[PDB]
Amino acid sequence: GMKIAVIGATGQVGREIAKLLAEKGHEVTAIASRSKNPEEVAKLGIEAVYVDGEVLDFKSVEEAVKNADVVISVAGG
Amino acid sequence: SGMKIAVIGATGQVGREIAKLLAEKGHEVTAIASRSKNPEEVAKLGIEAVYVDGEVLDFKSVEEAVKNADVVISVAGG
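Which chain is which? The protein sequence lines are D and H, in order.
Numbers in the working numbering are just positions in the first sequence, counted from 1, shifted up by 4.
Numbers in the working numbering are just positions in the second sequence, counted from 1, shifted up by 10.
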């Protein structure tokens with residue numbers, strides 16, 4: 005298992021994520037805090053990543069983040 | 011019409027698990043390999059930004075739990 009911090013919006017989504025990853029054997033710390041909104045997150049900048057067999061559609065990526073109700077941004081692995 | 015959730019940086023096992031979980035919870039999920047260029051700014055930790063009382067669990071303990079993490083999941087919106 006790994007060390008995982010789950011930060012930002014308090015709510016069912018963040019709690020369920022945290023719960024799942026603890027169930028998978030990770031060491032999970034949850035910190036409630038203020039976050040940017042989806043449009044602000046998009047405007048932080050996105051690094052486009054190609055997936056074999058899929059069109060990498062720049063506008064589709066922009067729209068998916070900007071128009072989300074919730075954005076989960078995963079960093080590290 | 012369930013909540014629209016974008017998972018960005020979903021290239022790893024943890025991203026895939028999150029995407030799977032949230033679709034099981036009836037959300038409309040778009041998992042995206044493309045990732046934030048500035049991940050730490052999604053939920054930037056500062057004394058003013060953290061909802062946890064700094065008299066109880068201090069800012070340094072908060073900062074350390076994120077610094078020592080292998081993976082940081084930042085949840086934006088709700």
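We put the beta carbon where it would ideally sit given N, CA and C, even for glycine.
Shown in chain order are the members of the segment 42-59 of chain D whose Cβ falls below 7 Å from a Cβ of chain H: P42, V45, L48, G49, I50, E51, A52, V53 and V55. Using a C-beta cut-off of 8 Å, the segment 43-54 of chain H makes contact with the segment 21-41 of chain D, since at least three inter-stretch Cβ pairs fall below that distance.
For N78 of chain H, there are no CB contacts under 7 Å within the same chain when 5 residues up- and downstream are skipped.
Excluding residues up to 5 positions away in sequence, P42 lie with their Cβ nearer than 8 Å to the Cβ of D73 of chain D in the same chain.
Residue contact with chain H for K40 of chain D: present (Cβ-Cβ distance below 8 Å to some residue of chain H). For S64 of chain D, the enclosing alpha helix (DSSP H) has its first and last residue at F62 to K70. Under the three-state reduction of DSSP, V75 of chain D is assigned to strand. Under a criterion of Cβ atoms nearer than 8 Å, no residue of chain H is adjacent to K63 of chain D; the nearest Cβ is some 12 Å distant.
Interface annotation, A26 of chain D: not in contact with chain H, CB-CB separation never under 8 Å. Between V76 of chain H and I11 of chain D a beta carbon distance of about 6 Å is seen, short of the 8 Å cut, so the two are scored as contacting.
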